[PDB]
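Coming up is one lone chain in structure tokens, specifically the form deposited in one PDB entry.
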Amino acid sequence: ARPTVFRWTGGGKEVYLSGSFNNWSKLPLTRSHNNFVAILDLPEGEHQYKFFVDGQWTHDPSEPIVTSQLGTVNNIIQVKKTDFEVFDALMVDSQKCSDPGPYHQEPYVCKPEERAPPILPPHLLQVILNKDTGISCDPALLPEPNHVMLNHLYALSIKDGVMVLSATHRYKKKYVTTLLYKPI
């Protein structure tokens, strides 16, 4: 099965679908609320189609058009193998968008708007090492950390030329709060 959707977004009280697959014969479209649709099993490749709205020949301007030698303007949709598998279809939609660069030692120029740094989240001020764990527990133990403070640096005020740094890192389902006493 290869379903192809033919949706008429425009107005009208009577709408027919006529295309190369139906040998240019008028197929009736059922209406919901200003929406005339039909889902058809169609093979791969380009298909030329047109709409017959209230006894008049018209096209959907939001879709691609191929004008014939006699001036016949009609829509065209190319069925693609990627269009039937969702992950493959999404893969195409990402590449079609076409919307940062390499590692450089050049400083960024001041913003033209000139506005303010973001307000510090309160979750980051919840220092794990500034908390008491209770006398009964093994002193090596600590409480379960919030995921938002993981990978973040925390430091002690430099005393006698020695710098003390700390960060909470996660290995699998477990967490480690490594501390480092390194003289400057």
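Under this definition, the rigid core comprises the largest set of C-alpha atoms superposing within 1.5 Å between the forms. In case it trips you up, residue 1 is the first one in the sequence shown, and so on.
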Checking the other PDB entries that cover both flanking residues: does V109 lack coordinates in at least a third?
-> no
Where the other entries model residues on both sides, is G71 skipped in at least a third?
-> no
In this entry, is the chain continuous from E114 to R115, or are deposited residues missing in between (none, 1 to 3, 4 to 9, 10 or more)?
-> 1 to 3
Check the residues of the deposited sequence separating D99 from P100 and report how many of them have no coordinates, as none, 1 to 3, 4 to 9, or 10 or more.
-> 4 to 9
Higher avg CA temperature factor (71 to 79 vs 103 to 111, as deposited) belongs to 103 to 111
Mean Cα B-factor comparison, 133 to 141 or 52 to 60, giving the higher one as deposited = 52 to 60
Going by the entry, which of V148, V37, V66, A155 has the most elevated CA B factor?
-> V66
Ranked by Cα temperature factor within the chain, is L180 in the lowest third, the middle third or the highest third?
-> lowest
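The form deposited in another entry is left out here; the points below concern that form.
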Of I39, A140, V66, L125, only one moves its C-alpha by 2 angstroms or more between the shown form and the other one once the rigid core is aligned, so tell me which.
-> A140
Taking the rigid core as the frame, does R170 move its C-alpha by 2 Å or more between the shown form and the other one?
-> yes
